[PDB]
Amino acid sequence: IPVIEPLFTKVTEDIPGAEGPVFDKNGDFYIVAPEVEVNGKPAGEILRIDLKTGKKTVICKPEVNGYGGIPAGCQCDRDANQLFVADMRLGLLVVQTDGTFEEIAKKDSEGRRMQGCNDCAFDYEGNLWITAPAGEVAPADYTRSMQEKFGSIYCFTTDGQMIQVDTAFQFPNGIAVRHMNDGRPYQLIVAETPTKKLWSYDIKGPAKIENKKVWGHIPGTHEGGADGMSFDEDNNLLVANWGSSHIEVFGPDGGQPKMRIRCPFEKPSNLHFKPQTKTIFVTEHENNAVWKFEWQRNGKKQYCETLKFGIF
């Protein structure tokens, strides 16, 4: 597999478990720090980063009834400039730019306790596909599916239903939606970290997935595996392979990577493009830091960049 070695430029530093890089509708940049702890208990944070200086501001340090969050993944909404945050203790949060937030679900659409979440992806229809590798949300004792198969997948729909759509993953992690050229969502990709697999499903409709398949194979036998993922504008899927020192690049058909990107650190965790550029922001857990590098082409547009009242 061909490997490329682009220049990585430092963006910011000292962010425990740096994760969830995201741009909002105004171009501001945010990161989550899931692994910040106070007195050994979760006290994770959502940060805004000034791209010009690298300075960090904590906008939200979410807690519900004294249970601190482990915010781990983020996407920006389209119709309002607000962040949807996957939290390993609190489930799914919606966080405003002013730092206020709401916890969306204690239970799912069937009344089962919600599980703690790690990453999420909006499709262009506005449905939010979410990985849930933790066990039950606070106040339940914290557990996660690194060793046993109890991780789940949800779809939080436009009509506000939190629907469990699959179960029994060993640490479902990154997630992404593939769209037809006309914008129709049609494939969901889910990383399963320790098994070194990417799984696919056909998206038949909102919260309707079928044809579960082992879509992609992640190199290496290190502890870790696929963490976050992002599509480029040609539907290549770039996947942080935590523990391998590389980001893998899969072509549209999956299988084995067609290219790797060597990083100057062992533990890439997540990645996100700056809108309308080739610049990918990458979080990593060797140094607990954020970097950027130039890819070969622009990113796939996220839902927040599309227009509700568009014509074309």
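A residue's number is simply how far along the shown sequence it sits, counting from 1.
Chemist: Would you tell me which stretch averages the higher CA B-factor in the PDB entry, 246-254 or 32-40?
Modeler: Comparing averages over the C-alpha atoms only gives 32-40.
Chemist: Between 201-209 and 178-186, which has the larger average Cα B-factor in the PDB entry?
Modeler: Looking at the record's C-alpha B-factors, the answer is 178-186.
Chemist: Among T279, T57, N270, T53, which carries the highest Cα B-factor?
Modeler: Across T279, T57, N270, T53, the entry lists the biggest C-alpha B-factor for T53.
Chemist: Which has the highest CA B-factor per the PDB entry: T193, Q115, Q147, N235?
Modeler: Result of the comparison over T193, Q115, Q147, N235: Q147.
Chemist: Ranked by Cα temperature factor within the chain, is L47 in the lowest third, the middle third or the highest third?
Modeler: Bottom third by C-alpha B-factor.
Chemist: Would you check the entry's CA temperature factor for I70 and let me know if it's in the chain's lowest, middle or highest third?
Modeler: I70: CA B-factor falls in the lowest third of its chain.
Chemist: Ranking every modelled residue in this chain by its Cα temperature factor as given in the entry, which third contains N173?
Modeler: As the PDB entry reports it, the C-alpha B-factor of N173 lands in the lowest third of its chain.
Chemist: Once the chain's modelled residues are ordered by C-alpha B factor and cut into thirds, is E13 in the lowest, middle or highest one?
Modeler: Its C-alpha B-factor belongs to the highest third of this chain's values.
Chemist: Per the entry's values, where does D87 land by CA temperature factor relative to the rest of its chain, in the lowest, middle or highest third?
Modeler: Ranked within chain, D87 CA B lands in the lowest tercile.
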